[PDB]
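Asker: The following block contains the structure, expressed as structure tokens.
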Amino acid sequence: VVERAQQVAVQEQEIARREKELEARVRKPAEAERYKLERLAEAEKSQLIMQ
Amino acid sequence: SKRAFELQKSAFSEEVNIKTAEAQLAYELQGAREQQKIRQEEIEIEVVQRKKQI
């Protein structure tokens, strides 16, 4: 009982660890990829219009 | 006379065996009671670790 009643606190810390790690490894790369796509698309439009 | 002696001796052996049987397993009882806190702290180890993994 003691083992499990402390593993619950282990998971209580794990939820916030997953919050931070998942944010870092998913949300920020998605934002960076969106910005990259935006800029490359803008460059492609700028090239195509004047060609 | 032999019957009286055997009856008294068996009667005495009853409670002496009861007290012994308690005596061996008091060790295991206290050991488990202490292992409660032992494992409590052994598992608080990684609780503290994961708290600052944040």
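Residue numbers start at 1 in each chain; chains themselves are named A, B, ... in the order of the structure tokens; ligands are numbered from 1 in the order shown.
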Would you mind listing what lies within 10 Å of residue 7 in chain A as a PyMOL selection string, with only C-alpha atoms counted and same-chain residues fewer than 6 positions away left out?
Answerer: (chain A and resi 1+13) or (chain B and resi 40+43-44+46-47)
Asker: Could the residues of chain A within 8 Å of chain B, counting only C-alpha atoms, be given as a short mmCIF file (atom, residue, chain, number, x, y, z; two decimals) with C-alpha atoms, in the first residue's frame, please?
Answerer:
data_model
loop_
_atom_site.label_atom_id
_atom_site.label_comp_id
_atom_site.auth_asym_id
_atom_site.auth_seq_id
_atom_site.Cartn_x
_atom_site.Cartn_y
_atom_site.Cartn_z
CA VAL A 2 2.84 2.39 0.84
CA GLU A 3 4.58 1.51 -2.45
CA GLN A 6 3.97 6.85 -3.35
CA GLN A 7 3.99 5.70 -6.97
CA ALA A 9 3.12 10.88 -6.32
CA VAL A 10 5.75 9.66 -8.79
CA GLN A 13 5.41 14.57 -10.95
CA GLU A 14 5.45 12.58 -14.21
CA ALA A 16 4.11 17.78 -15.34
CA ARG A 17 7.33 16.27 -16.69
CA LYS A 20 7.11 20.16 -20.32
#
